[PDB]
Amino acid sequence: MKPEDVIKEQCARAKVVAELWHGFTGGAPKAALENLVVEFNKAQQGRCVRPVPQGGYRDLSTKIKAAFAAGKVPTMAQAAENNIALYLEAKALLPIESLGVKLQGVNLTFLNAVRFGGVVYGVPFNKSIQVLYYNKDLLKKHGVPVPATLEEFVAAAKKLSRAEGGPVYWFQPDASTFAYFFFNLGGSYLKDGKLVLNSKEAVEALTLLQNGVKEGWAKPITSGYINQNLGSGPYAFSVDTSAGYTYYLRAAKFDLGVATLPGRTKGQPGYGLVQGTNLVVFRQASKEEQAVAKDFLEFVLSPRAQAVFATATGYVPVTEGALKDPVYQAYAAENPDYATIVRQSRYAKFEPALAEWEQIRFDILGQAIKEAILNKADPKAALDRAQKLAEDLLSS
Ligand SMILES: Nc1nc2c(ncn2[C@@H]2O[C@H](COP(=O)(O)O[C@H]3[C@@H](O)[C@H](n4ccc(=O)[nH]c4=O)O[C@@H]3CO)[C@H]3CC(O)(O)C[C@H]32)c(=O)[nH]1
Ligand SMILES: [Cl-]
């Protein structure tokens with residue numbers, strides 16, 4: 001059987017089943033979740049977790065909203081911090097520590113992001129960080145060091161693009177790629193508690209990408225993931241989630257490198273955007289289903305489950321104990337990229353945890369970024385539009 005077929009047979013024989021709704025469509029992230037659940041389900045006397053794929057993360061949020069409307073929610077689901085904020089408006093989530101899950105040793109960065117009015121409502125589960133993916137062969141070919149600064153990165157992309165006759169820094173015109181440039185030019189989304197999308201650092205970040213396209217060193221990827229477009233033209237670099245690691249490794253027909261992000265100066269790496277999700281437990285669940293969730297979340301935070309999940313995927317281990325586990329240690333010793341992903345996870349920024357942030361990042365800010373990059377809209381005009389649409393949505 002496939003792991004999901006094994007899970008189906010475990011759950012059919014179980015006396016209690018806690019549904020976990022997720023947004024892994026496939027690859028290593030889906031297999032790793034399913035392998036974790038198969039192992040959990042073996043340890044239990046007829047108390048199982050049933051993972052239900054709901055599409056991607058946006059389809060998962062839509063399906064969770066319809067579940068509220070329908071009067072029936074799963075026991076558990078994946079949720080970004082902004083989705084926790086939304087589910088909290090409807091009082092829909094159980095505080096994790098009251099459930100009895102032990103959070104000692106969980107990354108403080110990750111714990112802070114799931115803490116709302118001093119109460120933790122999520123267990124950090126699959127937490128990614130952005131890294132610099134690069135073509136080791138093509139940088140060696142032209143004698144280009146891995147860039148350590150934003151200045152070096154831009155200089156490197158121009159040098160390589162000129163030598164190879166095509167733009168070598170590949171990017172998605174989206175909020176996630178925008179965040180990298182915005183944060184590392186000194187930007188912040190909140191000024192005195194107010195969301196600001198059109199600050200000078202935002203204009204500067206979107207201007208840098210637009211100018212990169214015009215000058216021929218930046219290539220907008222508009223169909224598929226960057227790793228699904230490799231092999232069409234010279235590639236030197238992308239800034240992308242750590243959870244893309246297995247997809248890049250399988251796709252690349254070159255020696256793939258991973259580095260820490262280019263920063264303002266060599267004093268420290270640039271900040272990466274933390275993405276991925278937490279698990280949350282719904283108040284609607286039965287006492288028996290809640291007790292399955294408590295055991296499952298304890299298993300998830302066990303050092304071995306962390307070590308296997310993180311090394312299989314490129315997600316960041318969420319516990320200090322994961323790094324002390326021999327399976328983690330053995331993988332890091334044979335693959336210096338796990339340690340690089342972990343080192344980068346120390347230089348980590350978050351987007352706003354606002355209930356409306358899903359809509360804003362994709363439909364408002366993402367659209368301004370696409371207008372400027374794909375339709376040459378003026379960056380300030382595009383972001384001023386985004387800012388007005390965001391203020392109208394927040395006052396609604
Ligand atoms: N709803 C909602 N989504 C959000 C929020 N903040 C960021 N994002 C999205 O999270 C993805 C990052 O989450 P992460 O778990 O790090 O990475 C994903 C996938 O990105 C990545 N993947 C999958 C296939 C592939 O060929 N390559 C690949 O890299 O693997 C993981 C599992 O799907 C961004 C990118 C996106 O997938 O297109 C959509 C963006 C938010 O606040 N809300
Ligand atoms: Cl976006």
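Just follow the structure's listing: the first ligand is 1, and inside any ligand the first atom is 1. The chain is numbered in sequence order, starting from 1.
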Exercise for review: Step by step, work out the side-chain hydrogen bond (donor to acceptor under 3.5 Å, both in side chains) result for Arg346 and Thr109.
Suggested key: CA-CA 9 Å; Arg346 296 188 38 217; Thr109 286; over 6 Å; no
Check your understanding: Can you find an N or O of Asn82 that's nearer than 3.5 Å to an N or O of ligand 1?
Key -> yes
**Study point:** Among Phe299, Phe40, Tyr315, ring pair (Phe, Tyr, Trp, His ring centres under 6.0 Å) partner for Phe309
**Key:** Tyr315
Check your understanding: For ligand 1, is any non-hydrogen atom under 4.0 Å from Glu81's backbone (N, CA, C, O), its side chain (CB onward), both, or neither?
Key -> neither
Study note, to complete from the structure: atom 8 (N) of ligand 1: closest protein heavy atom, distance to 0.1 Å, is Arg361 NH1, 3.6 Å
Point to revise | Sub-4.5 Å side-chain heavy-atom contact between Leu230 and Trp170 | key: yes
Practice item. Salt-bridge test for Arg47 and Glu288: reply yes if a basic N is under 4.0 Å from a carboxylate O, no otherwise. Key: no
Check your understanding: Between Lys72 and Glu19, is there a salt bridge with N-O shorter than 4.0 Å?
Key -> no
**Study point:** salt bridge (charged side-chain N to carboxylate O under 4.0 Å, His left out) partners of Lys294, counting only residues at least two apart
**Key:** none
Point to revise | Which residue and heavy atom of the protein sit nearest atom 16 (O) of ligand 1, plus the separation | key: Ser128 OG, 2.5 Å
Point to revise | ligand 1 N/O within reach of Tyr315 N/O, cut-off under 3.5 Å | key: yes
Check your understanding: Counting each atom of ligand 1 from 1 as listed, which ones have a heavy atom of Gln228 under 4.0 Å away?
Key -> 26 (O)
Exercise for review: Below 4.0 angstrom from a heavy atom of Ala243, which ligand 1 atoms are there? Numbered from 1 as shown, please.
Suggested key: 16 (O), 17 (O), 30 (O), 31 (C)
Point to revise | Proximal atoms of ligand 1 relative to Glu358 (non-hydrogen, under 4.0 Å) | key: 1 (N)
Check your understanding: Please state which protein non-hydrogen atom is closest to atom 34 (C) of ligand 1 and give its distance, to 0.1 Å?
Key -> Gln275 OE1, 3.5 Å
Review point. Is the distance between the ring centroids of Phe254 and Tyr235 under 6.0 Å?
Key: yes
**Study point:** Validation row: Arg283, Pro95 side chains within 4.5 angstrom (heavy atoms)
**Key:** yes
Exercise for review: Go through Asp325 and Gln306 one step at a time and tell me if the side-chain hydrogen bond (donor to acceptor under 3.5 Å, both in side chains) criterion holds.
Suggested key: CA-CA 9 Å; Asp325 187 75; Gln306 275 305 300; over 6 Å; no
Check your understanding: Nearest protein heavy-atom contact for atom 22 (N) of ligand 1: which residue, which atom, what distance?
Key -> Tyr247 CE1, 3.6 Å
Review point. Are any of the N/O atoms in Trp357 less than 3.5 Å from those in ligand 1?
Key: no
Check your understanding: Mind checking whether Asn227 has an N or O less than 3.5 Å away from an N or O of ligand 1?
Key -> yes
Revision key, fill the gap. Within the 4.0 Å heavy-atom cut-off, what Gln172 brings close to ligand 1 is neither
Practice item. Out of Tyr57, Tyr133, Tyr225, indicate the one that has the non-hydrogen atom closest to atom 28 (C) of ligand 1. Key: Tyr225
**Study point:** Side-chain heavy atoms of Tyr180 within contact of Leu273, under 4.5 Å
**Key:** no
Review point. Which ligand 1 atoms are under 4.0 Å away from a heavy-atom of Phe362?
Key: 1 (N), 2 (C), 3 (N), 4 (C)
Revision key, fill the gap. Within 4.0 Å of some non-hydrogen atom of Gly244, the atoms of ligand 1 are 29 (O)
